[PDB]
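Engineer: My numbering puts the sequence shown at residues -1 to 397. Beta carbons: idealized from backbone N, C-alpha and C, even for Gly.
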Amino acid sequence: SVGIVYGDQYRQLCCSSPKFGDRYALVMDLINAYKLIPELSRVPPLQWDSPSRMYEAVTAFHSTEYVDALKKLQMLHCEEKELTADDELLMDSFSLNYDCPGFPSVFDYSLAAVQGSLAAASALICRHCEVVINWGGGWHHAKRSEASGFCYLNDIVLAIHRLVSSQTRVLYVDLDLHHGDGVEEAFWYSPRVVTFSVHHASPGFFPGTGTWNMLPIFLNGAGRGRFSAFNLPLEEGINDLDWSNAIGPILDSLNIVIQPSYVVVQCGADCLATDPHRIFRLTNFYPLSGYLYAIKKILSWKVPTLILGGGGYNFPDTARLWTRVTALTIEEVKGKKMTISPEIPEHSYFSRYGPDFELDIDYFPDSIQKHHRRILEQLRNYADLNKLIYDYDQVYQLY
Ligand SMILES: O=C(/C=C/c1ccccc1Cl)NO
Ligand SMILES: [K+]
Ligand SMILES: [K+]
Ligand SMILES: [Zn+2]
C-alpha cells in the first residue's frame, strides 16, 4: 500500500510561503490530473491534543527557545508594526532573517511539513503503508536552533527520530542538489541512522558542507557514529546516466551492509536540467531519469520507505518529476502497470505547463572512481566499527 500525505488545511499551509508559493498545489493537482489518487492511501497530517504535546513533538530535535522564536516571528508578521530592534536581534540569533524571512503563516507553514512527515512515519511503523510520500516535506537544512535555506523546522529529522525510536536502523538518502547538512548534523553521533547525500559542492555554493574539509579529508560522523555519514559531491553538468552510475553501487552497498529497517528518501527536484539553479542535468524521462533510477532501486529492496520532497524551483517541472516518482512508486509497490499520457491532461493548473504541455521536461541532452574507493572503505570501517556481517566480495563486486 502506498500512502500520500495531503488534506485541505495541509494544502493551504504548504502553499502559503513566499518562496515555494503554490508549488505543492501544482504537484498534487498533476498527480490528481493523472488519476493516481484512487491508487493512493490518503495519510492525514498529524495533529496534537494540546500546545504542550506539539512542543514536546517538535522539541524532540529543536530547542524550545527556537520554537518560541519561530512562533513569535509569526505573531509579529500578523501585525503590521515593524519589529523592534530587540525582536530583530532575537530573530537574528536564530537566523530567522534574510533567506529565512518571517511571513504571516511562517510557523503554521513549517509545522505543517512536520505534521505531514510525522504522520508518514507513523503510517509505516504501524504497517498500514509500505511506502508513504510527503511532497510537502523534505526540509533538510533546518538545525536545532537555526533556520537555513528556507527550512524552518526539520521534518525529516523528526520523522527519522520517530522511526528509530519505534535493532532499528534507518538509511537516509538525500538526492537534493544541496547537501543535507541538517539531517546529517542531527545524526552525527548516531550509528543507527546512516545518512547519505549526493549533491553538488563547489566554493561558495550553499551550504558549503558535504565535501573535503579544512591533504584534507572527509568528516563522516563522530563518537559511536563514526563512518556513519556518507557524502558524494559531484561537479556541475552531470547527466542522468553518470549521476545514476555514481550513486547506484553506493545505494546497493549501503542496503546490503546496513540492512536498514526503514529508508527515508529526500527527492528535492533542483537537480533537474531545467531548474533555475542549472547545475546538474537530470530529467524526469521515463522511456532514464536519475531520480527514477534511484527510487526504483531503493523500492526494489522492499524496505518500508518514506519519500519526501525538498528543493525544486521550477514548479511545473518539479510537478512533472514528482508525478512520475509517484506513478513509479505505485507501480513498484502494488505491482500494477501505471500508464501515463505523454501530454498534460486538462486541469486547474494546465496552463502553467506551457508551451508544449507534455510530461517530459523540456530538455535535450575518475573523480567518481576515487569517491567509490573512499566510500567503500568508509562502509567497511562502519561495518567493522559496528560489528556487522558484510560480505566484502559482493560489496566490492558492485564496483
Ligand atoms: O533548495 C535548497 C536550498 C535553497 C537555498 C539555498 C541558499 C539560500 C536560499 C535557498 Cl531557498 N536545498 O534543499
Ligand atoms: K543531497
Ligand atoms: K549517522
Ligand atoms: Zn536543494
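1. In whole angstroms, give me the CA-to-CA distance for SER115 and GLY135.
2. How would you label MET26, buried or exposed, when you count the other beta carbons within 10 angstroms and need 16 or more for buried?
3. Tell whether a beta-carbon distance below 8 angstroms holds between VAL168 and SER259.
4. Where does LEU386 fall in DSSP's three states?
5. On a CA-only basis, which of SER200, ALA220, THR321, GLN264 is nearest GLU233? Give me that one, please.
6. Check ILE35 in the structure and name its three-state DSSP category.
7. Going by C-alpha distance, which of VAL196, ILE131, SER(-1) is nearest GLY288?
8. Between which two residues does the alpha helix (DSSP H) harbouring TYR107 extend?
9. If we ignore side chains and look at the alpha-carbon of each, how far apart do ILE256 and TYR388 end up?
10. With a Cβ-Cβ cutoff of 8 angstroms, do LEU249 and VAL192 count as a contact?
11. Once the 5 residues before and after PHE313 are set aside, which same chain residues still bring their CB inside 6 angstroms of it?
12. Taking the C-alpha atoms as reference points, what is the distance between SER48 and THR166?
13. The beta strand (DSSP E) spanning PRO231 covers which residue range?
14. Hey, quick one: how far does the beta strand (DSSP E) through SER50 stretch, first residue to last?
15. Of the residues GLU182, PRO340, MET73, which one's Cα is nearest the Cα of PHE59?
16. For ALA184, which residues from the same chain have a beta carbon less than 6 angstroms from its beta carbon, with the 5 sequence-adjacent residues on both sides left out?
17. Would you decide whether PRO214 is buried or exposed? Buried here means 16 or more other CB atoms lie within 10 Å of its CB.
18. So what does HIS197 bridge to, in DSSP terms?
19. Confirm the yes/no value for this check: CB of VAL168, any heavy atom of ligand 3, distance under 7 angstroms.
20. What separation, rounded to the nearest whole angstrom, lies between the Cα atoms of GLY352 and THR62?
21. So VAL168 is in the beta strand (DSSP E); what residue range does that whole segment cover?
22. Three or more C-beta pairs under 8 angstroms: does that hold for the region 26 to 38 against the region 313 to 332?
23. Any heavy atom of ligand 3 closer than 7 angstroms to the CB of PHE185?
24. So what does DSSP say about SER163, is it helix, strand or coil?
25. Return helix, strand or coil for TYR260, following the three-state DSSP convention.
26. Excluding sequence positions up to five away, which residues of its chain have a Cβ less than 7 angstroms from the Cβ of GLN113?
27. Over the uninterrupted alpha helix (DSSP H) stretch that includes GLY1, give me the two end residues.
28. Who are the near neighbours of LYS17 in its chain, counting only those whose CB is closer than 7 angstroms to its CB and skipping five residues on each side?
29. Please classify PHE362 as buried or exposed, where buried requires at least 16 neighbouring CB atoms within 10 angstroms.
30. Round the Cβ separation of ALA267 and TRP210 to the nearest angstrom and send it over; I've been treating them as touching at under 8 angstroms.
31. Kindly identify the DSSP beta-bridge partner or partners of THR303.
32. Helix, strand or coil: which one does DSSP assign to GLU183?
33. Against chain D, with Cβ distances strictly below 8 angstroms, would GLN72 count as a contact?
Structural biologist: Result, derived from the coordinates:
1. When rounded, the distance between both Cα atoms is 6 angstroms.
2. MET26 counts as buried, since no fewer than 16 other beta carbons sit within 10 angstroms of its beta carbon.
3. Closer than 8 angstroms, so yes.
4. Look at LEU386 here: in three-state DSSP terms it is coil, with no helix or strand label.
5. Put simply, of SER200, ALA220, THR321, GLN264 the residue whose alpha carbon is nearest the alpha carbon of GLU233 is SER200.
6. Three-state DSSP puts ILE35 in a helix.
7. Per the Cα distances, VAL196.
8. Residues 104 to 123.
9. Roughly 8 angstroms between the two C-alpha positions.
10. It is not a contact, given that the beta carbons lie outside the stated cut-off.
11. The residues are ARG21, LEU24.
12. Distance between the alpha carbons of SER48 and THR166: 29 angstroms.
13. Residues 227 to 232.
14. Premise fails: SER50 lies in the alpha helix (DSSP H), 49 to 56, not in any beta strand (DSSP E).
15. Of the candidates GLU182, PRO340, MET73, the one whose C-alpha sits nearest the C-alpha of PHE59 is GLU182.
16. Within the same chain, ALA184 has close Cβ partners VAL155.
17. That one is exposed.
18. Answer by DSSP bridge pairing, in chain order: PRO231.
19. Look at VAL168: its beta carbon is at least 7 angstroms from all of the heavy atoms in ligand 3.
20. Their backbone Cα atoms lie some 45 angstroms apart in a straight line.
21. Taken as a continuous stretch (DSSP letters only), the beta strand (DSSP E) holding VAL168 covers 168 to 172.
22. Judged by Cβ distances under 8 angstroms, the region 26 to 38 makes contact with the region 313 to 332, as three or more pairs qualify.
23. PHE185: yes, Cβ under 7 angstroms from ligand 3.
24. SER163 falls in the coil class under three-state DSSP.
25. Collapsing the DSSP output to three states places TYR260 in a strand.
26. Contacts found: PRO43, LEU44, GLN45.
27. From DSSP, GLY1 is part of no alpha helix (DSSP H) but of the beta strand (DSSP E) over 0 to 3.
28. Only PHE148 meet the Cβ criterion.
29. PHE362 should be labelled exposed.
30. Between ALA267 and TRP210 a beta carbon distance of about 27 angstroms is seen, past the 8 angstroms cut, so the two are scored as non-contacting.
31. Residue pairing for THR303: DSSP places it in a beta bridge opposite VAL129, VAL261.
32. Here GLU183 sits in helix by DSSP.
33. Of the chains in the structure shown, none is chain D; there is only one protein chain.
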